[PDB]
C-alpha cells in the first residue's frame, strides 16, 4: 500500500525526479493537519459498533425485503455475515484515512468485491446503500464539535466521505 507520502514518491520515482519545492510544501501542510486526521480515525474506531448497527437499522428499514424470509439477509448466519461486511468495509476505510491514501482500501478490500457478490447473489446495490448509511453515521460522529478543540475539519471530512463513496461505487 501507499500512504500520502509514498504516493507522491512513487510518481516522482517513475519519472526519475526529486520532489519539487511545491510538493514538499504540500506534504508539509498535510503534516499540519495531522491531528484532525488522527482524531477522525480515533472517533470512527471508537464508535464502530454503533456506526454499523445504526446504519444496519436504517438500511433494513428502507429495504425490508432483505430481511423477510427468502431475503439475502434473512437467517442469523446471513445477517451476521452482512454485519460483518459492513464492519470490514468500515475498518478498511479507517486504514485509508489513517494513511491518507485509498490504495489499502482498494487492494485489500474493494478489488474484486463486485464479482464476489455477483457470484454469491448478494445485492450489491443494497450493500452500497448500507455503505452510504455508515458514511452519514460516521461523519456526524467525526465532525461533532463536542469534547474536541475547535477548528475547520472540512477537508479531512471530505476525504473520508471520498473513501466511503469509493466503497459504495465499487459494488453498486
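Residue numbers count along the first chain shown, from 1.
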message: If you average the CA temperature factors as listed in the entry, which stretch comes out higher, 133-141 or 108-116?
response: 108-116
statement: Going by the entry, of stretches 57-65 and 36-44 the one with greater average Cα B-factor is 57-65
query: Thinking about Cα B factors across the chain, which third does residue 103 belong to?
result: lowest
- prompt: Among the modelled residues of its chain, does the C-alpha B-factor of residue 84 lie in the lowest, middle or highest third?
  reply: middle
task: Just say lowest, middle or highest third for the CA B-factor of residue 153 relative to the other modelled residues in its chain.
output: middle
- prompt: Sorting the chain's CA B-factors, does residue 160 end up in the lowest, middle or highest third?
  reply: lowest
